[PDB]
Amino acid sequence: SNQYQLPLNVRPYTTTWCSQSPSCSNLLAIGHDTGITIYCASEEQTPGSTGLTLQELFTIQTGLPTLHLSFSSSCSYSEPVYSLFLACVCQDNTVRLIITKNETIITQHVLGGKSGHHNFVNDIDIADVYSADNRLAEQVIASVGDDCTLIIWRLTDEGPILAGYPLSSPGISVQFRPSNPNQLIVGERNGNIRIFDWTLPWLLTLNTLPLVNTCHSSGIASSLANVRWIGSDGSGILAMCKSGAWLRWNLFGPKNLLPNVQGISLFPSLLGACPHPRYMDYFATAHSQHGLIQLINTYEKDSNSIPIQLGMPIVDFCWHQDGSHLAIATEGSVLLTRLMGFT
Amino acid sequence: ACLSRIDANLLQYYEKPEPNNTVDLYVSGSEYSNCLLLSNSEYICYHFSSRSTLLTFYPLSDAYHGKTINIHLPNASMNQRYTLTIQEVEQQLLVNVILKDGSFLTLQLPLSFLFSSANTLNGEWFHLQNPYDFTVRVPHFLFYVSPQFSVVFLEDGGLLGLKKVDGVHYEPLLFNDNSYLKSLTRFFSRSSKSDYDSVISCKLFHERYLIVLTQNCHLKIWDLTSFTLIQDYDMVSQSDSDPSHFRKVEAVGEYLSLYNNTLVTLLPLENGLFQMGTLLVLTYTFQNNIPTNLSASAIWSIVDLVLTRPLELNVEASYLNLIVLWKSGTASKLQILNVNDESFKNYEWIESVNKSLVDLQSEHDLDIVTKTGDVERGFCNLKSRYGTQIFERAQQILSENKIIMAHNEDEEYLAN
């Protein structure tokens, strides 16, 4: 493990790799109480133990807390100059898209007030949509909140298009489908899981609550932590409960009648699962409060693998695109740790 | 299923799983429980403990703030609650209990005291007494008839009378019994541990007639004016006389209850026969045998039955209603037999749901509302759902069995 300190007065809230855009996949953003900081990951000589070190590049000041953070495919590099596009959520309950050239915010769009969410925003994600001619036609941001609303915010050539959709319960996560921006997934706090075609009722709703194996009772309150697609065509869906209970469904052949596989993490997962970018069957989950991280294999290859235990709480974490490195933001730092097995 | 189950834990709203006002009286409840209505329109509940050493009283409509009274007994009753009676005489709960050693204990609990704040009781609230020698001929069933009179039933088959002269003392008024003379036959002995045809159920009719059901399902009828056996019906020789097996009832239970002049009796043939005739003058006259609808082998036991005036059911064609409570382990079954007409030949069985909605939803994972997520969230969820009495009893059973919460997020614990 190598450890890189965040500035002394910087409290991290969120950590994400720029896996969404290959030109910028070595860029790391930390949303904190005064903005979003960008770091670069480089192969040093090091020892080929952790043959990867972190270089802090710069800090984008915003003046208020950043709670969720997503890079877009529009990110680019030039010589040098970084052209960034970031979706995030701020203390004023607004959802924003910030477009920068390095630390300087050259452009900012803000969706808030009554036109925005009418309660706390719980999650956000972003994807670039191109026309048939293949110019940038739209950038699309999806967000979910405690106002029982899902918001699709499309920024198009002739300007913004806003749309709201009602939910049976607070939205706790949302993510567009890989290799198919026409589809996306929305998570409700109550266990409902929506598959949605925004170009169009919405196509499908699964639910983890009634499926709990109950060989070991998952408890009275098993609030849904997370749902994410897996695979590079978005061939699968993985859902994780706060309790640690997880379930996986695949989407291809024949007729289907239950979720394909199911299990339970050793610990609660407040932050939910972070699926491996290269190995579908694998995902990571943290015991954020004691600072341990379990690695789970869906086809039970795993047998309780806990590669990571810190002596401190974990605020957030995410896989580097290479699949062997992990970046983890803790309350005062970010660690890059390399698991030798995944190399 | 026309009825549903609503479960009530009278302490559910409060944190303390026990009333602050509990008083323990001492004489020099998970085996029986019942309710009794009093002069003041209030229901008093009572419980006789597993050992039959503790009697507990508490007010149905004020369990938490009202007083629960634990009366401790020097020893257990001869034969559980079956050797115990409780009736409201005059502004008092009169409780009599034949104890194991033979003593006949009287309790007098003033109505006031049951609904007072007091933790003390004045005057003679209990009397010990030895009216008969129960060492030789052991009794097993005590039946209240009147404030001064009530009969005792014996294991060997004999009846004893018990007449109150003053206010306290009791004396044996014996009944004529020549049933014993069947000993003369090669098929019965006085000395035999079998052969007893003891009473297993008993009801008082029109203050004077005492209707008894025996282990061989004979309905004998005693006139208390005469103190003489007036009737003796063999209940079983009416329906299909099965030589294979009629289960002579091997314990005291609730095998009959009467309303006006009607009388249902529970006979065991695969545990499934409700005979019901009519009483009239004294004469008992058969009408019909109504079987039961029970399967999975028929392994339900009668808990209690109550014949009574008809209900408001989905069938207007009704004359009488029998409420029936079966049990099989800790699972229960409530049914209502509706008899349509004064002939007991047209009837219909009405079932009910024997689990509450909350329980069914929890079992079948049909609960969409309860918040999910945190391990402590599940804690609040279960705590709030179950109530403190149960939740703490469960946490008691956990630590006894050495199951201890590892950390904040021990999901393996919550499961348990």
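Note that each Cβ is placed from the backbone with ideal geometry, even for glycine, and that neighbours are counted across all protein chains shown. Only the coordinates and a few stated rules stand behind these numbers; no lab work does.
Structure data summary
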| read-out | value |
| --- | --- |
| Calculated from backbone phi, Karplus (6.51, -1.76, 1.60) coupling profile of the range A:50-55 in Hz, x at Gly/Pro | 8, x, 5, 10, 9, 10 |
| Förster-model FRET efficiency, 22 Å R0, B:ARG137 and B:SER244, C-beta, rounded to 0.05 | 0.05 |
| The range A:226-271 - Rg and Dmax from Cα coordinates, angstrom | 11.7, 35 |
| B:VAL369-B:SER39 FRET efficiency (beta carbon distance; Förster radius 60 Å; 0.05 resolution) | 0.85 |
| Tensor-based shape of chain B (alpha-carbon gyration tensor, a/c under 1.5 rounded, otherwise prolate or oblate) | oblate |
| Interatomic Cα distance distribution for the range B:1-116, bins of 10 angstrom, percent | 13, 43, 32, 11, 2, 0 |
| Long pairs among B:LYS164/B:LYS193; B:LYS16/B:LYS333; A:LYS242/B:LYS402; B:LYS100/B:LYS193, criterion Cα-Cα beyond 21 Å | B:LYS164/B:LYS193; B:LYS16/B:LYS333; A:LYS242/B:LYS402 |
| Cα gyration tensor shape for the range A:223-343, rounded if a/c is under 1.5, else prolate or oblate | prolate |
| Inter-label distance for B:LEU311 and A:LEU64, nm, one decimal - labels placed 7 Å from Cα along Cα-to-Cβ | 6.1 nm |
| Order of A:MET280, A:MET340, B:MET78, A:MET240 under a 10 Å beta carbon neighbour criterion, fewest first | A:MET340, A:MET280, B:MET78, A:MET240 |
| Label-to-label distance, nm, for residues given as A:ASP302 and B:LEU128 (7 Å Cα→Cβ offset) | 6.8 nm |
| Cα-only radius of gyration and Dmax that characterise the range B:183-229, units Å | 13.1, 39 |
| Hits among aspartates and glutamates - C-alpha to C-alpha of A:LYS301 under 12 Å, sequence gap 8 or more where chains match | A:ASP281 |
| Cα-only radius of gyration and Dmax that characterise the range B:83-153, units Å | 13.6, 44 |
| Extension reserve of the B:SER237-B:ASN216 stretch, reckoned as 0.36 nm per residue once the Cα distance is removed | 6.4 nm |
| Within straight-line cross-link reach of B:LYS220, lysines at Cα separation under 20 Å, skipping those fewer than 8 residues along the same chain | B:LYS182, B:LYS203, B:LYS248 |
| Shielding by other protein chains, B:403-412, mean Cβ within 10 Å | 5 |
| Shielding by partners, peptide A:221-230 (average Cβ within 10 angstrom, other chains) | 4 |
| Fewest-first ranking of B:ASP24, A:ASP281, using other Cβ atoms within 10 Å as the exposure measure | B:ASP24, A:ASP281 |
| Distance in nm between pseudo-label sites at B:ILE6 and A:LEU200 (7 Å out along the Cβ direction from Cα) | 4.1 nm |
| Kirkwood hydrodynamic radius of the protein assembly as shown, Cα pairs, Å | 32.6 Å |
| Pairs of Cα atoms farther than 28 Å apart, the range B:270-416, % | 47 percent |
| Calculated diffusion of chain A, Stokes-Einstein form, Kirkwood radius summed over Cα pairs, 37 °C and 0.692 mPa s, µm²/s | 160 µm²/s |
| Per residue, the convex hull volume that the Cα atoms of the range B:363-416 enclose (Å³) | 89 Å³ |
| Farthest toward positive dipole pole in chain A [+1 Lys/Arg, -1 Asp/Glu at C-beta], among A:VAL140, A:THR14, A:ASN297 | A:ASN297 |
